[PDB]
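Residue strings, one per chain:
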Amino acid sequence: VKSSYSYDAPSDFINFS
Amino acid sequence: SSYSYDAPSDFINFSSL
Amino acid sequence: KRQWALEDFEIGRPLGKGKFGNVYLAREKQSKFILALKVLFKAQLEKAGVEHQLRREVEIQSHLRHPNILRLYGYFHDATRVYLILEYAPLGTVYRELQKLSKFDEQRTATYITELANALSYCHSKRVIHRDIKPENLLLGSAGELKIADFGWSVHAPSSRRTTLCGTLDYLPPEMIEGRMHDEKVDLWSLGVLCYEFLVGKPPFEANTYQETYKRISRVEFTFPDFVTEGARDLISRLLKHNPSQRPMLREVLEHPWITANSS
Amino acid sequence: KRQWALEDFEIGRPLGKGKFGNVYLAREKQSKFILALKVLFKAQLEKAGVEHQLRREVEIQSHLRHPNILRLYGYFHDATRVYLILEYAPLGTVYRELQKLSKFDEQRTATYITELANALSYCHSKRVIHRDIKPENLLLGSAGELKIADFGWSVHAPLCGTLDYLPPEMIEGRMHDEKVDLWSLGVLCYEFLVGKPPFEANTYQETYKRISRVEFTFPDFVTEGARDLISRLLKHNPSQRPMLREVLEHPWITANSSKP
Ligand SMILES: Nc1ncnc2c1ncn2[C@@H]1O[C@H](COP(=O)(O)OP(=O)(O)CP(=O)(O)O)[C@@H](O)[C@H]1O
Ligand SMILES: Nc1ncnc2c1ncn2[C@@H]1O[C@H](COP(=O)(O)OP(=O)(O)CP(=O)(O)O)[C@@H](O)[C@H]1O
């Protein structure tokens, strides 16, 4: 097992404005 | 919220090692 | 296969109830091997803000292999539930045993203490501090042996603990410096308390109120009853020292005379 | 539903080194938004075994919206790198500033302490304890407004029915966990005004010892009122430290802050 790097943190593309 | 843990998720042959 | 699915398991009687779901007996179909399948309700978990606590618990425990530590073989989950695949402990908790026998003779006590100290020496070996150990979290394998099984407050020690502390030192408060010097030694208090509870049948610092218990622990106010021998008094007294540093090491608890003398 | 990718950004010039990779200036190709892109390398995080410290610092920070806290907007990862999308702080660190001015005046310090106290209140209101703050971790936005940037030692806060089995040191120090952030403020206040922290010494051992004994001195130019404040914050027993409201109200702060 290496790490999956799944965090409970946003990963969604964001519109700026 | 995603339930990915850096922990084992794979089937184990229990008859083995 | 690759991944576990609920359909790999026949499922038997409930082994008991937890906060967030129930533990079942269970058998893997293809090898007919007996285990326990712990079931945790995502709804209740997310409503109680313990997802990350759970994550920590499963990660830490899954990487420990020791005869006196409960195996967590794996996890998986479906839309509603998280499932833990654990080694099955046939003979119940130490808590239920303790309260049928009232207290233990010194043979059992020393045996369990040895079993515990081995388990924590290993945890420490692999940079893990177990924290809250009480009888309820101690199960019994087939031959009568202890299995530690909570890790709810278990932490990986930050490694490079001399270098990583040193350098931010000017900025952290006394609490935090002592915290990280001897967090290790917290597991020695626990041995002391438990050893005491095993012989006497109630912890050293029991009281009517949380506030008194708190003052008692704070001042290390306890007394032994008469039937507790010198070797025991000696060991517990050494383990329950106010200042973390004066507590012995696990190496010294294994070597201790009273232990070797009664450990089977 | 649409997810970050590396070719959503124009990778600009570097802003710094850092332990496990680098921070680059960058622009979000569509919106033209200037941000900062922190790149870490998976093979170095695995070798140091610090992935879970990364995960935690990213989980914690990315759920924090506050003018005085660096926004981390998101993250993603390719086969070999991890990328963190951060608010960009032009005017460097409070560490550089403090070297270049030697020390700060009452007006600057009180103002900085006000921004720290507000950011810290917010943090606690989210059951988050920051713990360790150095000036190196304090960046400055483009109005020189102060931005908490590091979270490596931060934890999320929860308790008992189980104290019979707890040692005194977990009993105490814990369940007075807020007051750790008050100590840090006292040390920063002292440091801004005097030039160096109050427990600095030749040896780590001199230093440590001083921290426990709480032995420090005030240079003659430190005003009675700053001393008052600094002294309540640097209390051995966490219980006796004030709350962040008492700091924001403290007359020396309101007397000197360029702004609330
Ligand atoms: N692997 C196992 N083998 C046998 N019995 C088990 C077991 N795991 C749990 N049990 C039984 O089920 C009961 C509840 O399980 P467990 O203690 O793991 O849930 P829980 O952690 O939610 C209770 P707590 O509130 O103390 O944390 C235990 O008291 C124990 O008797
Ligand atoms: N959002 C941001 N905007 C502008 N500059 C930044 C920035 N984040 C970091 N920097 C600059 O680049 C450097 C990289 O610092 P970083 O935050 O990566 O430190 P680090 O925690 O990875 C290792 P250390 O803790 O020893 O500094 C910083 O020292 C700072 O000067």
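Residue and element names in this part refer to chain C. Using the residue numbers shown here, the UniProt feature "binding site: ATP" corresponds to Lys-19, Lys-38, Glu-87, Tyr-88, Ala-89, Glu-136, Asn-137 and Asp-150. Within the secondary structure layout, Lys-38 lies in strand β3 (residues 34-41). The class of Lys-38 is partly exposed, set by a relative accessible area of 27%. If sequence neighbours within four positions are ignored, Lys-38 has contacts with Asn-22, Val-23, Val-82, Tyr-83, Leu-84 and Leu-86. Mapping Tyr-88 onto the fold places it in the loop between β5 (81-87) and α3 (94-101). Sequence-distant contacts of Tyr-88, that is, excluding residues within four places in its chain, are made with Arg-13, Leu-15, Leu-25, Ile-34, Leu-35 and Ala-36.

On to the domain arrangement of chain C, then. Residue and element names in this part refer to chain C. When the domains of chain C are assigned, the result is domain 1 (1-92) and domain 2 (93-262). Placing the centre of domain 1 and that of domain 2 at their C-alpha centroids yields a distance of 26 Å. On the domain 2 side, the residues contacting the 18 residues of domain 1 number 27 residues. Taken together, the two surfaces of domain 1 and domain 2 that pack against each other cover about 1,800 Å², and 59% of this comes from carbon and sulfur. The largest share of the area that domain 1 buries against domain 2 comes from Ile-60, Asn-68 and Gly-92, three residues that together contribute 31% of it. Applying the counting criterion to the domain 1 and domain 2 interface returns one salt bridge. Note that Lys-147 is salt-bridged to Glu-87, the shortest N-O span being 2.9 Å. Here the side of domain 1 that touches domain 2 takes five residues from helix α2 (residues 51-62), the largest share from any one element. Grouping the amino acids of the side of domain 1 that touches domain 2 by side-chain chemistry returns eight nonpolar, six polar and four charged.

Here we take up the interface of chain D and chain C. Contacts between chain D and chain C engage 44 residues on the former and 42 residues on the latter. Counting across the chain D and chain C interface gives five salt bridges. Residues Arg55(D) and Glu59(C) are paired through a salt bridge, measuring 2.8 Å at the closest nitrogen-oxygen approach. Elements that contribute at least two residues to the side of chain D that touches chain C include exactly α2 (51-61), α5 (168-171), α6 (180-194) and α7 (204-213) of chain D. Top element by residues in the side of chain D that touches chain C is α6(D). It accounts for six residues. For the side of chain D that touches chain C, the class distribution of residues is 22 nonpolar, nine polar and 13 charged.

By volume, the largest cavity amounts to about 80 Å³. The wall of the largest cavity is formed by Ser6(A), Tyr7(A), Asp8(A), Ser1(B), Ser2(B), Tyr3(B), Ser4(B), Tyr5(B), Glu51(C), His52(C) and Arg55(C). Split by residue class, the lining of the largest cavity holds three nonpolar, five polar and three charged. Of the pockets and cavities examined, the second largest cavity occupies roughly 50 Å³. What lines the second largest cavity is simply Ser3(A), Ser4(A), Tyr5(A), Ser6(A), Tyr7(A), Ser4(B), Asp6(B), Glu51(D), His52(D) and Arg55(D).

Below, the discussion takes up the interface of chain A and chain D. Where interface size is given, it is often the accessible area lost as the parts come together that is meant. With 14 residues of chain A at the interface, the matching set in chain D holds 26 residues. Between chain A and chain D we count zero salt bridges in total. Inspection of the region where chain A meets chain D yields 13 residue pairs in polar contact. Classifying every residue of the side of chain A that touches chain D by side-chain character gives seven nonpolar, four polar and three charged.

This part is about the UniProt feature "domain: Protein kinase" in chain C. UniProt records the feature "domain: Protein kinase" at residues 9-259 of chain C, using the numbering of this structure. The span residues 9-259 of chain C is 39% helical and 19% strand by assignment, and the distance between its end C-alpha atoms comes to 42 Å.

All names here are of chain D. Near ligand 2, the surroundings consist of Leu-15, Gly-16, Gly-18, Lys-19, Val-23, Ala-36, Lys-38, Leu-70, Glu-87, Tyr-88, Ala-89 and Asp-150. Here an oxygen atom of ligand 2 and a backbone polar atom of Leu-15 are 3.2 Å apart. Within the contact set of ligand 2, an oxygen atom lies 2.9 Å away from a side-chain nitrogen or oxygen of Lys-38. Surface burial for ligand 2 is 66%, taken as the share of its 620 Å² of free accessible area covered by protein chains. Broken down by class, the residue content of the shell around ligand 2 amounts to six nonpolar, two polar and four charged.

Residues and elements named next belong to chain C. Looking at chain direction, strand β2 (residues 22-28) and β3 are connected through five bridges and run antiparallel. Bridge pairing in β3 links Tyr-24 to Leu-37. The turn joining β2 and β3, which pair antiparallel and follow one another in sequence, is formed by five residues; a positive phi near 55° is taken by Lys-32. With seven bridges joining them, β3 and β5 adopt antiparallel strand pairing.

Relative to the helices and strands, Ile177(C) resides in helix α5 (residues 174-182). Each C-alpha atom of the pair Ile177(C) and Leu165(C) lies 7.8 Å from the other, and the pair is 12 residues apart in sequence. If we skip the residues at most four places from it in the chain, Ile177(C) touches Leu165(C), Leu169(C), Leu172(C), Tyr208(D) and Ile211(D).

With that settled, the discussion passes to the pattern of salt bridges. All names here are of chain D. Enumeration over the complete set of coordinates arrives at 26 salt bridges over all chains. Between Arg-2 and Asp-8 there is a salt bridge whose closest N-O contact spans 3.2 Å. Take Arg-2: its relative accessible area is 40%, and that puts it in the partly exposed class. Given a relative accessible area of 10%, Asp-8 falls into the buried group.

What follows is about the site of ligand 1. Residues and elements named next belong to chain C. As a structural note, the neighbourhood of ligand 1 is formed by 15 residues, with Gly-18, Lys-19, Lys-38, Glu-87 and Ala-89 the closest of them. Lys-38 is positioned with one of its side-chain polar atoms (N or O) 2.6 Å from an oxygen atom of ligand 1. Interatomic distance of 3.0 Å between a backbone N/O atom of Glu-87 and a nitrogen atom of ligand 1. Here ligand 1, which alone exposes 610 Å², has 75% of that area covered by the protein. Looking at the shell around ligand 1, the elements with two or more residues in it are β1 (9-17) and β3. By residue number, the principal contributor to the shell around ligand 1 is β1, which donates three residues.

Procedures and definitions
Residue labels reflect position in each chain's written sequence, counted from 1, rather than necessarily the entry's numbering. Residues lacking coordinates are not shown. Chains carry letters and ligands carry numbers; both start at the beginning, A for chains and 1 for ligands, and go up in the order they are written. Side-chain calculation: all heavy atoms of the structure are included, whereas hydrogens and water are not. UniProt positions are given in the numbering used here, feature names are shortened, and annotations may be inferred rather than shown by experiment. The secondary structure listing takes helices from DSSP runs of H or I that are at least 4 residues long and strands from runs of E that are at least 2 residues long, numbered from the N terminus. Summary of the burial criterion: residues with accessible area below 20% of their type's maximum are buried, those above 50% are exposed, and those between are partly exposed, where the area comes from a 1.4 Å probe applied to protein chains only. Whether two residues are in contact is decided by their heavy atoms: any pair within 4.5 Å suffices. In this entry, domain limits derive from an automatic or database-based domain assignment. Here the quantity called buried area is the accessible surface, traced with a 1.4 Å probe, that two parts lose on coming together, added over both. Salt bridges, as used here, are contacts in which a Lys or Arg side-chain nitrogen is within 4 Å of a carboxyl oxygen on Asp or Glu. Residue type decides the class: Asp, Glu, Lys and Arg count as charged, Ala, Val, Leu, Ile, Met, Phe, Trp, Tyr, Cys and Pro as nonpolar, and the leftover types, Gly among them, as polar. Buriedness for pockets is judged along seven lines, at least five of which must meet protein on both sides within 12 Å for an open set on the 1 Å grid over protein atoms alone, while cavities are sets there where a 1.4 Å probe fits but cannot get out, and lining residues have an atom within 4 Å of a point. Grid points are joined across faces, edges and corners, and a volume is the space filled by probe spheres set on the points. Distance and chemistry together define a polar contact, namely a pair of N or O atoms within 3.5 Å, with one atom able to donate a hydrogen and the other to accept it when in protein, and with adjacent residues in sequence counting only for side-chain atoms on both sides. Residues are classed as near a molecule or strand on a simple rule: at least one heavy atom within 4 Å of it. Per-residue and other accessible areas follow the Shrake-Rupley method at a 1.4 Å probe size, with only the shown protein chains counted as cover for residues. The pairing criterion for strands is at least two bridges between them, as found by DSSP.

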